[PDB]
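This report concerns only the one structure given below.
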Amino acid sequence: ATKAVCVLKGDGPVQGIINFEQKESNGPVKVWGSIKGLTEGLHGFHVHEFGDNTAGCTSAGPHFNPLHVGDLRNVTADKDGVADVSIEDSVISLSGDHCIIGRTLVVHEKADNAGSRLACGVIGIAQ
Amino acid sequence: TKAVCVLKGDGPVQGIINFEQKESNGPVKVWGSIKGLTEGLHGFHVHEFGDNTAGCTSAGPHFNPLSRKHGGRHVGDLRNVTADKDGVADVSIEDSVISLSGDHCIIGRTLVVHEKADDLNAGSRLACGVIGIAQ
Ligand SMILES: [Zn+2]
Ligand SMILES: [Zn+2]
Ligand SMILES: [Zn+2]
């Protein structure tokens, strides 16, 4: 794949669509989109190990870190609860050892200690 | 290698489907159950894209990397599941065309259950989910 997409949903109002693009194998991944339904301020934004939604976000497993790879840091919601995301990450990848396709993207209650998982979805092939 | 998929859709249809493949060149065991179905046959397919932005509508066509006609074939052609009188379909498939690695890899794609029988014309897409890596 050169493109992936993730629909974030949870038990509460947090919802979003996040795109990923890696035009070059092993190159930087562009991450962008928007998440709404969040409290104003910082929220942890992570790839978790398993694309297992059988128990909602609770089944996502730990931070993806094949023996921190999944730590995309934080998104910031505005006064309307909307987080616009536009990131370049050179650690995640859409192939190889750091492949995140089929894993889970999670937005957290607090800045990353990041607290509850508000919304998540499985990262799917988009192109 | 193990994978899982939670099927959701606009009505009562829902299910959990598991995947396991012991060797890269071996068959994939597919098992789980789907509820909320009409009694009888339902098309059961992997579709190309793990894009659920428009629910099942955005999943693209049957997964077909080798550009074959439909059977049960496209890589993603898993034929039909059968729902009982209570609308419950048990899934227990071994398939040697799908894989969890290589070019027939279905991780990150979409599993879809259909309104009607796949004639091996499956009709509308009732429920779907993105296939994810599992523990
Ligand atoms: Zn996390
Ligand atoms: Zn189909
Ligand atoms: Zn087909």
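Numbering starts fresh at 1 for the residues of each chain in the structure tokens, the chains themselves are lettered A, B, ... in the order given, and ligands are numbered from 1 as they appear.
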Exercise for the section: Counting only C-alpha atoms and all ligand atoms, name the residues that have an atom within 12 Å of an atom of ligand 3; the answer should be given as a PyMOL selection string. Expected result: chain B and resi 43-48+60-80+112+114+118-122
Exercise for the section: Write down, as a ChimeraX atom specification, each residue of chain A that has any atom within 8 Å of an atom of chain B, counting only C-alpha atoms. Expected result: /A:4-7,17,49-54,101-104,122-127
Produce a file of the selected residues containing N, CA, C and O atoms, as a PDB file, in the first residue's frame.
ATOM      1  N   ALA A   4      -3.301   4.529   3.521  1.00  0.00           N
ATOM      2  CA  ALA A   4      -4.151   3.856   4.504  1.00  0.00           C
ATOM      3  C   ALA A   4      -5.144   4.870   5.045  1.00  0.00           C
ATOM      4  O   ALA A   4      -5.006   6.098   4.853  1.00  0.00           O
ATOM      5  N   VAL A   5      -6.161   4.358   5.703  1.00  0.00           N
ATOM      6  CA  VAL A   5      -7.209   5.212   6.269  1.00  0.00           C
ATOM      7  C   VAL A   5      -7.715   4.529   7.525  1.00  0.00           C
ATOM      8  O   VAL A   5      -7.661   3.296   7.645  1.00  0.00           O
ATOM      9  N   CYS A   6      -8.187   5.347   8.464  1.00  0.00           N
ATOM     10  CA  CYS A   6      -8.717   4.852   9.717  1.00  0.00           C
ATOM     11  C   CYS A   6      -9.937   5.663  10.151  1.00  0.00           C
ATOM     12  O   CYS A   6      -9.857   6.890  10.228  1.00  0.00           O
ATOM     13  N   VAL A   7     -11.051   4.979  10.439  1.00  0.00           N
ATOM     14  CA  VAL A   7     -12.253   5.644  10.987  1.00  0.00           C
ATOM     15  C   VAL A   7     -12.229   5.439  12.509  1.00  0.00           C
ATOM     16  O   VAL A   7     -12.271   4.305  12.974  1.00  0.00           O
ATOM     17  N   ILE A  17     -11.598  10.807  10.961  1.00  0.00           N
ATOM     18  CA  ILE A  17     -11.052  10.094   9.841  1.00  0.00           C
ATOM     19  C   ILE A  17      -9.604  10.573   9.735  1.00  0.00           C
ATOM     20  O   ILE A  17      -9.323  11.794   9.749  1.00  0.00           O
ATOM     21  N   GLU A  49      -1.044  -2.098  19.232  1.00  0.00           N
ATOM     22  CA  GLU A  49      -0.494  -3.289  18.592  1.00  0.00           C
ATOM     23  C   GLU A  49      -1.507  -4.072  17.747  1.00  0.00           C
ATOM     24  O   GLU A  49      -1.178  -4.543  16.643  1.00  0.00           O
ATOM     25  N   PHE A  50      -2.739  -4.191  18.227  1.00  0.00           N
ATOM     26  CA  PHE A  50      -3.676  -5.116  17.561  1.00  0.00           C
ATOM     27  C   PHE A  50      -4.840  -4.384  16.938  1.00  0.00           C
ATOM     28  O   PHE A  50      -5.391  -3.458  17.571  1.00  0.00           O
ATOM     29  N   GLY A  51      -5.225  -4.818  15.723  1.00  0.00           N
ATOM     30  CA  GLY A  51      -6.385  -4.256  15.013  1.00  0.00           C
ATOM     31  C   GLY A  51      -7.582  -5.080  15.422  1.00  0.00           C
ATOM     32  O   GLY A  51      -8.285  -5.631  14.580  1.00  0.00           O
ATOM     33  N   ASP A  52      -7.775  -5.184  16.733  1.00  0.00           N
ATOM     34  CA  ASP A  52      -8.785  -6.051  17.339  1.00  0.00           C
ATOM     35  C   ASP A  52      -9.732  -5.110  18.052  1.00  0.00           C
ATOM     36  O   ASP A  52      -9.362  -4.447  19.040  1.00  0.00           O
ATOM     37  N   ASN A  53     -10.931  -5.022  17.500  1.00  0.00           N
ATOM     38  CA  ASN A  53     -11.974  -4.126  17.977  1.00  0.00           C
ATOM     39  C   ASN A  53     -13.107  -4.907  18.626  1.00  0.00           C
ATOM     40  O   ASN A  53     -14.216  -4.385  18.798  1.00  0.00           O
ATOM     41  N   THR A  54     -12.841  -6.157  18.993  1.00  0.00           N
ATOM     42  CA  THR A  54     -13.897  -7.047  19.494  1.00  0.00           C
ATOM     43  C   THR A  54     -14.449  -6.545  20.814  1.00  0.00           C
ATOM     44  O   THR A  54     -15.599  -6.851  21.173  1.00  0.00           O
ATOM     45  N   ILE A 101      -0.408  -1.107   9.134  1.00  0.00           N
ATOM     46  CA  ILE A 101      -1.645  -1.590   8.484  1.00  0.00           C
ATOM     47  C   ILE A 101      -2.184  -2.734   9.317  1.00  0.00           C
ATOM     48  O   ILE A 101      -1.419  -3.649   9.680  1.00  0.00           O
ATOM     49  N   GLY A 102      -3.483  -2.695   9.625  1.00  0.00           N
ATOM     50  CA  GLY A 102      -4.101  -3.789  10.399  1.00  0.00           C
ATOM     51  C   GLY A 102      -3.932  -3.613  11.894  1.00  0.00           C
ATOM     52  O   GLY A 102      -4.394  -4.435  12.677  1.00  0.00           O
ATOM     53  N   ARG A 103      -3.281  -2.530  12.300  1.00  0.00           N
ATOM     54  CA  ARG A 103      -3.151  -2.207  13.718  1.00  0.00           C
ATOM     55  C   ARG A 103      -4.205  -1.166  14.080  1.00  0.00           C
ATOM     56  O   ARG A 103      -5.067  -0.852  13.253  1.00  0.00           O
ATOM     57  N   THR A 104      -4.210  -0.692  15.330  1.00  0.00           N
ATOM     58  CA  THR A 104      -5.302   0.190  15.749  1.00  0.00           C
ATOM     59  C   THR A 104      -4.775   1.594  16.027  1.00  0.00           C
ATOM     60  O   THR A 104      -3.749   1.742  16.668  1.00  0.00           O
ATOM     61  N   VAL A 122      -9.443   0.360  13.133  1.00  0.00           N
ATOM     62  CA  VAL A 122      -8.393  -0.427  12.523  1.00  0.00           C
ATOM     63  C   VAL A 122      -7.852   0.336  11.309  1.00  0.00           C
ATOM     64  O   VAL A 122      -8.631   0.911  10.545  1.00  0.00           O
ATOM     65  N   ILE A 123      -6.531   0.329  11.138  1.00  0.00           N
ATOM     66  CA  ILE A 123      -5.883   1.033  10.004  1.00  0.00           C
ATOM     67  C   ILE A 123      -5.981   0.148   8.763  1.00  0.00           C
ATOM     68  O   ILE A 123      -5.417  -0.948   8.736  1.00  0.00           O
ATOM     69  N   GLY A 124      -6.692   0.620   7.753  1.00  0.00           N
ATOM     70  CA  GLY A 124      -6.982  -0.176   6.559  1.00  0.00           C
ATOM     71  C   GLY A 124      -6.247   0.354   5.341  1.00  0.00           C
ATOM     72  O   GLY A 124      -5.899   1.533   5.294  1.00  0.00           O
ATOM     73  N   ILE A 125      -6.078  -0.512   4.345  1.00  0.00           N
ATOM     74  CA  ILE A 125      -5.485  -0.152   3.046  1.00  0.00           C
ATOM     75  C   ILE A 125      -6.477   0.731   2.288  1.00  0.00           C
ATOM     76  O   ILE A 125      -7.652   0.351   2.094  1.00  0.00           O
ATOM     77  N   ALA A 126      -6.001   1.890   1.833  1.00  0.00           N
ATOM     78  CA  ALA A 126      -6.851   2.843   1.089  1.00  0.00           C
ATOM     79  C   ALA A 126      -6.528   2.956  -0.388  1.00  0.00           C
ATOM     80  O   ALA A 126      -7.364   3.431  -1.158  1.00  0.00           O
ATOM     81  N   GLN A 127      -5.293   2.602  -0.746  1.00  0.00           N
ATOM     82  CA  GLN A 127      -4.751   2.610  -2.103  1.00  0.00           C
ATOM     83  C   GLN A 127      -3.426   1.811  -2.080  1.00  0.00           C
ATOM     84  O   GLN A 127      -2.619   1.845  -1.115  1.00  0.00           O
TER      85      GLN A 127
END
Problem - Given 7 Å and only C-alpha atoms and all ligand atoms, residues near ligand 1 as a list in words - result: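 The residues near ligand 1 are residues 44, 45, 46, 47, 48, 63, 106, 108 and 114 of chain A.
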Exercise for the section: Go ahead and compute the interatomic distance for atom CA of residue A:21 and atom CA of residue A:88, in Å to one decimal. Expected result: 9.5 Å
Practice task
Would you mind telling me which residue in B:27, B:40, B:32, B:123 lies nearest to residue B:94 when using only C-alpha atoms?
Solution key: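 Smallest distance to residue B:94 is found for B:27.
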Exercise for the section: For residue A:27, work out the shell of residues within 8 Å, counting only C-alpha atoms and skipping chain neighbours fewer than 5 positions away, then give it as JSON, numbers by chain. Expected result: {"A": [22, 90, 93]}
Practice task
Using only C-alpha atoms, pick whichever of B:34, B:88, B:28, B:41 has the shortest atom-to-atom distance to residue B:115.
Solution key: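 Nearest candidate to residue B:115 out of B:34, B:88, B:28, B:41: B:41.
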Handout entry: DSSP-assigned strand (DSSP E) among chain B, expressed as a PyMOL selection string
Key = chain B and resi 2-8+14-20+28-35+40-47+53-56+77-83+89-95+110-114+125-130+132-133
Problem - Using only C-alpha atoms: which of B:23, B:89, B:111, B:103 has the shortest distance to residue A:1 - result: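 Among the listed residues, the smallest separation from residue A:1 belongs to B:103.
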Exercise for the section: Have a look at atom CA of residue B:19 and atom CA of residue A:72 and let me know their distance in Å, one decimal. Expected result: 28.5 Å
Practice task
Find the residues near stretch 28-40 of chain A: any atom within 10 Å, counting only C-alpha atoms, skip ones fewer than 5 places away on the same chain, and give them as a VMD selection string.
Solution key: chain A and resid 2 to 9 12 to 23 72 75 to 94 107 to 110 118 to 119
Exercise for the section: Just the residues within 8 Å of stretch 100-102 of chain B, please, counting only C-alpha atoms, with nothing from its chain fewer than 6 positions along; format it as a list in words. Expected result: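 The filter keeps residues 1, 2, 3, 20, 21, 24 and 28 of chain B.
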Dump as a PDB file, in the first residue's frame, selection limited to C-alpha atoms:
ATOM      1  CA  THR B   1      -0.174 -15.138  12.188  1.00  0.00           C
ATOM      2  CA  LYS B   2      -3.649 -14.284  13.443  1.00  0.00           C
ATOM      3  CA  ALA B   3      -6.213 -11.721  12.400  1.00  0.00           C
ATOM      4  CA  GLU B  20      -5.230 -18.016  11.582  1.00  0.00           C
ATOM      5  CA  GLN B  21      -2.403 -19.130   9.281  1.00  0.00           C
ATOM      6  CA  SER B  24       3.017 -18.512   5.036  1.00  0.00           C
ATOM      7  CA  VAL B  28      -5.926 -19.744   6.406  1.00  0.00           C
TER       8      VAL B  28
END
